[PDB]
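Consider the single chain below, provided in structure tokens and representing the form deposited in one PDB entry.
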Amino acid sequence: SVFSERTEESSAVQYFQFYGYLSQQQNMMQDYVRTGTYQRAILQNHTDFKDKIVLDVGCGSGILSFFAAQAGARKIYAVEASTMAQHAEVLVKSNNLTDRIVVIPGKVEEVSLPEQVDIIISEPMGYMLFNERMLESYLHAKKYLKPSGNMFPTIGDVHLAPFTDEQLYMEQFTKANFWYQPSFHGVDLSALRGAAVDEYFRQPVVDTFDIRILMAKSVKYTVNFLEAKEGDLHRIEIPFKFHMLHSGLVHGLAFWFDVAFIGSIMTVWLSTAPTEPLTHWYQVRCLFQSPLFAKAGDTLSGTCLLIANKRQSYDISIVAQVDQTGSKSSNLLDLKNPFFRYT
């Protein structure tokens, strides 16, 4: 019911329909960075799992629970709300781990868990880290976490950096200018050009890019999953002050994220940065409505305010200005309707 109160029915239906497909599980499993890093984090921190209780929030096919089993976990509660729970049950049975892994179909906010656990494992990251709003289910699950327990991942760092991409910015108007013709099959479409521009600029661009478009060291906003409450994610204000390393027109902000698995033996990092091999998270770019010229040495400052909505996503408000000149820009984007541009 915590989940229910913060989610529209129609959004939850699709959301779990999407993750009920084995083709989707397979896509996530075939991401070697994602899968290998989760395995290393768990196996290389075996003392955090050996003979321990484990909670797996949104286990999907259950791959992370088998890794926890490989590390010697005594008992693992694997919670999954989609129909994938049935397939996870099959793998538990076929891998002779019914005594160690128990699949619980349902949402972690609603299911009954019998005991407190020593550690919670999960993959609740979406685009820009926060999209899909499952980090709140991850943090909600800490009601079953012993005091002094641990979280895998333990922290999440979202990175923001200004970028220049003249061709991406102009692409928006080339597409919108379809409407700027007085006789499309005899019809004057011009009146809708402004609405088309507005529509395109509300879409965060999901794809990857050359790191040479980034004009400044990124700014990092950290969520400590051991300390955070799920309420901390309803409104996420990310201040930024970029020390411009390059001179040129800034067309928007680029987003990626890292997560760290802070175990007793070592810390393992999973990065979706553009300096690292591409993942199924890709990167995310939000354009300013107008570009801001910035010289190397200038400071570009502002805030990125993420306001959670009931569509399991966020409304993104970005305000930015070049301090040395006062030039200002902004944009308001809907993270639930991104434009998949990757080629």
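The first residue of the sequence shown is number 1, and the count goes up from there. Basically, rigid core = biggest C-alpha set you can superpose within 1.5 Å across the two forms.
*Could you settle it for me: does 302-310 or 47-55 have the higher average Cα B factor in the PDB entry?*
Higher mean C-alpha B-factor in the PDB entry: 47-55.
Exercise. Averaging the C-alpha B factors as listed in the entry, name the stretch that ends up higher: 184-192 or 228-236.
Key: It is 228-236.
| task | Select one of 268, 88, 101, 128: the residue whose C-alpha shows the highest B-factor in the crystal structure entry. | result | That would be 101, according to the entry.
*Out of 94, 164, 122, 172, which residue has the highest Cα temperature factor in the PDB record?*
That would be 94.
**Report entry** Third of the chain, ranked by Cα B-factor, where residue 296 sits
**Finding:** It falls in the top third of the chain.
Quick one: classify residue 203 as lowest, middle or highest third of the chain based on its Cα B-factor.
Lowest third, going by the recorded CA B-factors of the chain.
>> Going by the CA temperature factor in the PDB record, which third of the chain does residue 111 belong to: lowest, middle or highest?
In response: Tercile = highest for this residue's CA B-factor.
Where the record places residue 144 (Cα B-factor, split into thirds across the chain) = Highest third.
* To do: Sort the modelled residues of this chain by their C-alpha B factor and say whether residue 259 lands in the lowest, middle or highest third.
  => For residue 259, the deposited C-alpha B-factor lands in the middle third.
The next section is about a form of this same protein that is not shown, the form deposited in another entry.
Fix the rigid core, compare C-alpha positions between the shown form and the other one, and report which of 181, 222, 95, 264 shifts by 2 Å or more.
None of the others reach 2 Å, which leaves 181.
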